[PDB]
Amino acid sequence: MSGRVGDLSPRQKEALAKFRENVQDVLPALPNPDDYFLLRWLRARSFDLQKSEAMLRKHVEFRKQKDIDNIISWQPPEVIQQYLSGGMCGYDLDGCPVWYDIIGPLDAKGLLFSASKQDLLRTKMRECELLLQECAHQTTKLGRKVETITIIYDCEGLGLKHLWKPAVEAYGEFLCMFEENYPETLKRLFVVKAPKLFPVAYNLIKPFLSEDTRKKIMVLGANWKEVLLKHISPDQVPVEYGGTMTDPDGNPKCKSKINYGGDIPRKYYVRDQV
């Protein structure tokens, strides 16, 4: 029993009806408060009515404090726009948007020396909202509900520089934000090209992850391209990641969609310590 629309148990259906009744005062100000929306919060707290309501009400306050309704129109500062890696590229075989994270070339120190933690976190919030918006568009296009995302997490080049304490702490703040505000949004996360340092790095961030997220993390081995193509059509995957997708100009990295980071020029630095 999956706890999804169309599949609910009698106890889950009853809990959903009570939940909607209990939180109806905040629904008008939420985006599309359909059963699918409500059930994300209920599944995240195992249909505990008190905990689910507390989680949703905290999210309502987050949306207000961070101006989430208007965040898609907020373009990050130059250093972040140019050097914060990652991007949305393609859809998986079930129609879910795919997000690429590119860790190796990420200059975490340069970013923290060039941008406020608040603007870095706001940029990550905006990414979440962009992905949810793409899910809504896919839902309309496909005529069935699309509400999760697939992540390709490229750990090639992961190194000790990424485990600088302020970077780990800032990333943990992002992860907590994700868990508290975007529950039940991750479908699967594929870690590719992980080096030997990966288990230590993973242990540093596990404290910030939910058990639900941990269950969805799949660490791939040498045959990672093959595995990706079992989940995503080749025409939806960059050549760089085993597919046939390119930028319009032929570039196999699909850089028009995916930012590949890089070391941040000193002209962007705004502080000398963090």
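Numbering starts at 1 and runs along the sequence shown.
Across the two stretches, 244-252 and 63-71, the PDB entry reports the greater mean Cα temperature factor for 63-71. Between 20-28 and 256-264, it is 20-28 that carries the larger average Cα temperature factor according to the deposited entry.
Looking only at 38, 209, 237, 49, the residue with the top Cα B factor in the deposited structure is 49.
Ranked against the other modelled residues of its chain, the C-alpha B-factor of residue 219 as given in the entry falls in the middle third.
Among all modelled residues in this chain, the alpha-carbon of residue 157 has a temperature factor (C-alpha) in the highest third. Sorting the modelled residues of the chain by their CA temperature factor places residue 107 in the lowest third.
Sort the chain's modelled residues by C-alpha temperature factor and residue 124 lands in the lowest third, per the entry. When the CA B factors of the chain's modelled residues are split into thirds, the value for residue 232 lands in the lowest one.
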